[PDB]
>>> print(open('upload_2.tsv').read())   # TSV, C-alpha atoms
chain	number	residue	atom	x	y	z
A	515	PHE	CA	-87.84	19.10	41.22
A	516	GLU	CA	-89.86	18.28	44.32
A	517	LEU	CA	-91.92	20.44	46.69
A	518	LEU	CA	-92.26	18.22	49.75
A	519	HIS	CA	-92.27	19.42	53.36
A	520	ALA	CA	-88.56	20.19	53.70
A	521	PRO	CA	-86.39	23.33	53.82
A	522	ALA	CA	-85.23	24.68	50.46
A	523	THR	CA	-81.53	24.00	49.89
A	524	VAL	CA	-80.57	24.99	46.32
A	525	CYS	CA	-81.45	28.18	44.40
A	526	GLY	CA	-79.42	31.00	42.87
A	527	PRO	CA	-79.85	34.77	43.04
A	528	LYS	CA	-78.91	37.23	40.30
A	529	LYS	CA	-76.96	40.48	40.53
A	530	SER	CA	-79.24	43.52	40.24
A	531	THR	CA	-77.65	46.75	41.53
A	532	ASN	CA	-74.55	48.05	43.34
A	533	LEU	CA	-73.91	49.10	46.92
A	534	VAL	CA	-75.29	52.37	48.29
A	535	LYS	CA	-74.56	54.25	51.52
A	536	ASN	CA	-75.66	57.24	53.62
A	537	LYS	CA	-79.03	57.90	51.98
A	538	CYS	CA	-82.39	56.69	53.27
A	539	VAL	CA	-83.51	53.95	50.86
A	540	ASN	CA	-85.32	50.64	51.11
A	541	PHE	CA	-83.27	47.46	51.50
A	542	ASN	CA	-83.72	43.67	51.52
A	543	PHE	CA	-81.27	42.27	54.09
A	544	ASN	CA	-81.61	38.46	54.27
A	545	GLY	CA	-85.36	38.68	53.72
A	546	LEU	CA	-85.82	41.62	56.12
A	547	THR	CA	-87.27	44.74	54.50
A	548	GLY	CA	-86.90	48.27	55.81
A	549	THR	CA	-85.94	51.83	54.97
A	550	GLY	CA	-83.44	53.94	56.88
A	551	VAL	CA	-80.29	56.03	56.82
A	552	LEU	CA	-77.24	53.77	56.89
A	553	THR	CA	-74.60	55.09	59.29
A	554	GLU	CA	-71.46	53.30	60.46
A	555	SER	CA	-71.81	52.03	64.03
A	556	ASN	CA	-69.06	51.67	66.63
A	557	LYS	CA	-70.90	48.92	68.53
A	558	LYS	CA	-69.19	45.53	68.67
A	559	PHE	CA	-71.44	42.64	67.65
A	560	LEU	CA	-71.26	38.97	68.54
A	561	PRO	CA	-69.84	36.80	65.73
A	562	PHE	CA	-73.10	34.85	65.32
B	186	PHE	CA	-58.04	20.93	84.44
B	187	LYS	CA	-59.03	24.41	83.23
B	188	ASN	CA	-61.16	23.21	80.32
B	189	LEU	CA	-64.97	22.97	80.33
B	190	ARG	CA	-66.89	22.07	77.16
B	191	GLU	CA	-70.68	22.30	76.86
B	192	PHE	CA	-72.79	21.31	73.86
B	193	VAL	CA	-76.46	21.84	73.03
B	194	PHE	CA	-78.47	19.79	70.53
B	195	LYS	CA	-81.91	20.81	69.27
B	196	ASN	CA	-84.26	19.46	66.58
B	197	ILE	CA	-87.18	21.67	65.53
B	198	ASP	CA	-88.96	22.51	62.23
B	199	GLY	CA	-86.40	20.79	59.99
B	200	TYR	CA	-83.46	22.87	61.29
B	201	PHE	CA	-80.54	21.50	63.31
B	202	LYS	CA	-78.22	23.80	65.28
B	203	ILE	CA	-75.35	23.08	67.68
B	204	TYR	CA	-74.29	25.41	70.50
B	205	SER	CA	-70.73	24.93	71.75
B	206	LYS	CA	-68.22	26.55	74.10
B	207	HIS	CA	-64.80	26.00	75.64
B	208	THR	CA	-64.12	27.70	78.98
B	209	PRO	CA	-61.72	27.24	81.92
B	210	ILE	CA	-63.03	26.08	85.29
B	211	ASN	CA	-61.29	25.15	88.55
B	212	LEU	CA	-63.21	22.87	90.92
B	213	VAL	CA	-62.52	19.48	92.45
B	214	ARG	CA	-65.42	17.41	91.19
B	215	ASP	CA	-68.22	19.21	89.34
B	216	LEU	CA	-69.49	22.41	87.74
B	217	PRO	CA	-68.81	25.72	89.55
B	218	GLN	CA	-71.30	28.48	90.34
B	219	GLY	CA	-70.04	30.72	87.53
B	220	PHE	CA	-72.22	31.95	84.68
B	221	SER	CA	-71.61	32.48	80.97
B	222	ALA	CA	-73.64	32.63	77.76
B	223	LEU	CA	-73.34	29.86	75.17
B	224	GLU	CA	-72.82	30.49	71.46
B	225	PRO	CA	-74.13	28.66	68.37
B	226	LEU	CA	-71.73	26.84	66.07
B	227	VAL	CA	-73.43	25.69	62.84
B	228	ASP	CA	-76.90	25.34	61.31
B	229	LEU	CA	-77.86	22.11	59.52
B	230	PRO	CA	-81.04	22.12	57.37
B	231	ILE	CA	-81.63	18.37	56.80
B	232	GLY	CA	-83.91	18.06	59.83
B	233	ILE	CA	-84.17	14.34	60.63
B	234	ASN	CA	-86.49	13.22	63.42
B	235	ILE	CA	-84.03	12.02	66.07
B	236	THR	CA	-85.24	9.69	68.83
B	237	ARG	CA	-82.15	7.94	70.22
B	238	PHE	CA	-78.58	9.22	70.28
B	239	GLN	CA	-75.17	7.96	71.38
B	240	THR	CA	-71.83	9.55	72.24
B	241	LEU	CA	-68.21	8.55	71.63
B	242	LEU	CA	-65.20	7.88	73.85
B	243	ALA	CA	-61.45	7.37	73.40
B	244	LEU	CA	-60.04	3.98	74.39
B	245	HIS	CA	-57.27	1.63	73.31
B	246	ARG	CA	-58.40	-1.99	73.72
B	247	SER	CA	-60.36	-3.29	70.73
B	248	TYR	CA	-62.90	-5.24	72.79
B	249	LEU	CA	-65.74	-5.32	70.27
B	250	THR	CA	-68.77	-7.19	71.65
B	251	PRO	CA	-71.63	-7.46	69.10
B	264	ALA	CA	-68.32	12.20	82.45
B	265	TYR	CA	-71.24	13.54	80.41
B	266	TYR	CA	-74.51	15.15	81.49
B	267	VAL	CA	-77.92	14.80	79.81
B	268	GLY	CA	-81.09	16.67	80.75
B	269	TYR	CA	-84.62	17.10	79.45
B	270	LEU	CA	-86.39	20.22	78.20
B	271	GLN	CA	-89.77	21.86	78.70
B	272	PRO	CA	-91.23	24.45	76.28
>>> encode(input="upload_2.tsv", output="C-alpha coordinates")
Amino acid sequence: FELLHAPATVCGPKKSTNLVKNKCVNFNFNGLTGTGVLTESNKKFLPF
Amino acid sequence: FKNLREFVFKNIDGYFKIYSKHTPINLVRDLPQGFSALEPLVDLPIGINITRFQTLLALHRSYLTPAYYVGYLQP
(Lines of atoms letter the chains of each structure in order from A and count residues from 1; the text may use other names and numbers.)
(Lines give C-alpha, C1' and ligand atoms only; values in the text may rest on other atoms or scores of the structure.)
Protein backbone atom coordinates (compact mmCIF):
# COMPACT_ATOMS: atom_id res chain seq x y z
CA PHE A 1 0.00 0.00 0.00
CA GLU A 2 0.99 3.63 -0.55
CA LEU A 3 0.09 6.84 1.28
CA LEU A 4 1.02 9.52 -1.25
CA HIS A 5 -0.86 12.78 -1.81
CA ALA A 6 -3.88 11.36 -3.65
CA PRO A 7 -7.55 10.67 -2.83
CA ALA A 8 -8.29 7.28 -1.29
CA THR A 9 -10.00 4.96 -3.78
CA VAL A 10 -10.30 1.45 -2.29
CA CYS A 11 -11.47 0.42 1.20
CA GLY A 12 -14.35 -1.67 2.53
CA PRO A 13 -16.82 -1.04 5.34
CA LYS A 14 -18.39 -3.69 7.54
CA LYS A 15 -22.03 -4.18 8.53
CA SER A 16 -22.67 -3.12 12.14
CA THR A 17 -26.37 -2.51 12.92
CA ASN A 18 -29.78 -2.30 11.24
CA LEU A 19 -31.97 0.61 10.19
CA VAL A 20 -33.82 2.71 12.77
CA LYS A 21 -36.55 5.33 12.38
CA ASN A 22 -38.58 7.92 14.31
CA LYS A 23 -36.44 8.14 17.45
CA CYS A 24 -33.80 10.77 18.14
CA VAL A 25 -30.44 8.98 17.85
CA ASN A 26 -26.99 9.82 16.54
CA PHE A 27 -26.13 8.95 12.95
CA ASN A 28 -23.14 8.90 10.58
CA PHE A 29 -24.44 9.89 7.12
CA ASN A 30 -21.55 9.92 4.61
CA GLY A 31 -19.16 11.24 7.25
CA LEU A 32 -21.65 13.78 8.64
CA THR A 33 -22.49 13.28 12.32
CA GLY A 34 -25.62 14.52 14.04
CA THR A 35 -28.54 13.59 16.25
CA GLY A 36 -32.19 14.23 15.46
CA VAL A 37 -35.68 12.83 15.04
CA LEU A 38 -36.03 11.28 11.59
CA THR A 39 -39.34 12.23 9.98
CA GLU A 40 -40.40 11.62 6.38
CA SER A 41 -40.29 14.82 4.33
CA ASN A 42 -42.53 15.76 1.40
CA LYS A 43 -39.93 18.10 -0.14
CA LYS A 44 -38.64 17.16 -3.59
CA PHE A 45 -34.84 17.11 -3.84
CA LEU A 46 -32.59 17.54 -6.84
CA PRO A 47 -31.14 14.24 -8.12
CA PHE A 48 -27.54 15.29 -7.33
CA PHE B 1 -32.65 23.83 -33.55
CA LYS B 2 -34.17 23.51 -30.06
CA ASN B 3 -31.12 21.88 -28.47
CA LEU B 4 -28.51 23.68 -26.34
CA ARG B 5 -25.75 21.75 -24.57
CA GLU B 6 -23.41 23.30 -22.00
CA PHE B 7 -20.49 21.61 -20.25
CA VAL B 8 -18.30 22.67 -17.33
CA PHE B 9 -14.83 21.28 -16.57
CA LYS B 10 -13.01 21.89 -13.29
CA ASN B 11 -9.78 20.55 -11.76
CA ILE B 12 -9.19 21.19 -8.05
CA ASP B 13 -7.71 19.20 -5.11
CA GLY B 14 -7.48 15.90 -6.98
CA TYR B 15 -11.21 15.79 -7.82
CA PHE B 16 -12.68 16.06 -11.33
CA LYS B 17 -16.36 16.86 -11.90
CA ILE B 18 -18.36 17.55 -15.07
CA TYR B 19 -21.51 19.68 -15.18
CA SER B 20 -23.80 19.05 -18.16
CA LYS B 21 -27.23 20.04 -19.46
CA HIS B 22 -29.46 19.72 -22.51
CA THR B 23 -32.06 22.44 -23.04
CA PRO B 24 -34.10 23.85 -25.95
CA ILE B 25 -33.40 27.34 -27.28
CA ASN B 26 -34.77 29.30 -30.24
CA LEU B 27 -32.59 32.12 -31.58
CA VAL B 28 -31.05 32.88 -34.95
CA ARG B 29 -27.35 33.00 -34.14
CA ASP B 30 -26.32 32.84 -30.48
CA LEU B 31 -27.35 32.28 -26.86
CA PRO B 32 -30.67 33.79 -25.68
CA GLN B 33 -31.28 35.88 -22.56
CA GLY B 34 -32.88 32.98 -20.67
CA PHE B 35 -31.56 31.61 -17.40
CA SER B 36 -31.27 28.11 -15.96
CA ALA B 37 -29.16 26.28 -13.38
CA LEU B 38 -26.63 23.66 -14.48
CA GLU B 39 -26.36 20.20 -12.91
CA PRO B 40 -23.33 17.98 -12.19
CA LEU B 41 -22.90 14.69 -14.02
CA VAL B 42 -20.08 12.59 -12.53
CA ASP B 43 -17.17 12.86 -10.09
CA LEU B 44 -13.74 11.52 -11.06
CA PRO B 45 -11.10 11.14 -8.29
CA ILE B 46 -7.89 10.65 -10.32
CA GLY B 47 -7.07 14.36 -10.33
CA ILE B 48 -4.48 14.91 -13.06
CA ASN B 49 -2.99 18.38 -13.52
CA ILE B 50 -4.46 19.44 -16.87
CA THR B 51 -2.81 22.26 -18.83
CA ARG B 52 -3.92 21.87 -22.46
CA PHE B 53 -7.13 20.32 -23.75
CA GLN B 54 -8.72 19.57 -27.12
CA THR B 55 -12.24 18.86 -28.37
CA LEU B 56 -13.66 16.52 -31.02
CA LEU B 57 -15.72 16.98 -34.17
CA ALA B 58 -17.63 14.77 -36.61
CA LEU B 59 -16.38 14.71 -40.21
CA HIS B 60 -16.16 12.27 -43.10
CA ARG B 61 -12.97 12.90 -45.09
CA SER B 62 -9.93 11.11 -43.65
CA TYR B 63 -7.50 13.99 -44.27
CA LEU B 64 -4.92 13.12 -41.62
CA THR B 65 -2.04 15.64 -41.63
CA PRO B 66 0.70 14.74 -39.09
CA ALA B 67 -19.28 26.33 -32.62
CA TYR B 68 -17.80 26.03 -29.12
CA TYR B 69 -17.17 28.65 -26.44
CA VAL B 70 -14.27 28.78 -23.97
CA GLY B 71 -13.85 31.25 -21.12
CA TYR B 72 -11.53 31.82 -18.17
CA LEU B 73 -12.28 31.81 -14.45
CA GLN B 74 -11.44 33.97 -11.46
CA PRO B 75 -11.67 32.74 -7.84
>>> atom_distance(input="upload_2.tsv", atom1="atom CA of residue 235 of chain B", atom2="atom CA of residue 216 of chain B")
28.1 Å
>>> atom_distance(input="upload_2.tsv", atom1="atom CA of residue 229 of chain B", atom2="atom CA of residue 242 of chain B")
23.8 Å
>>> closest_residue(input="upload_2.tsv", among="A:555, A:547, A:530, A:523", to="residue 231 of chain B", atoms="all atoms listed in the file")
A:523
>>> atom_distance(input="upload_2.tsv", atom1="atom CA of residue 515 of chain A", atom2="atom CA of residue 234 of chain B")
23.0 Å
>>> closest_atom_pairs(input="upload_2.tsv", of="chain B", to="chain A", cutoff="7 Å", atoms="all atoms listed in the file", output="JSON lines")
{"residue": "B:199", "atom": "CA", "partner": "A:521", "partner_atom": "CA", "distance": 6.7}
{"residue": "B:225", "atom": "CA", "partner": "A:562", "partner_atom": "CA", "distance": 7.0}
{"residue": "B:230", "atom": "CA", "partner": "A:521", "partner_atom": "CA", "distance": 6.5}
>>> closest_residue(input="upload_2.tsv", among="B:265, B:238, B:248, B:201", to="residue 189 of chain B", atoms="only C-alpha atoms")
B:265
>>> residues_near_point(input="upload_2.tsv", point="(-64.1, 27.3, 83.7)", cutoff="10 Å", atoms="only C-alpha atoms", output="ChimeraX atom specification")
/B:186-190,207-212,216-221
>>> residues_around(input="upload_2.tsv", residues="residue 536 of chain A", least_positions_apart="5", cutoff="8 Å", atoms="only C-alpha atoms", output="PDB file with C-alpha atoms, keeping the file's coordinate frame")
ATOM      1  CA  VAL A 551     -80.290  56.030  56.820  1.00  0.00           C
ATOM      2  CA  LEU A 552     -77.240  53.770  56.890  1.00  0.00           C
ATOM      3  CA  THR A 553     -74.600  55.090  59.290  1.00  0.00           C
TER       4      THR A 553
END
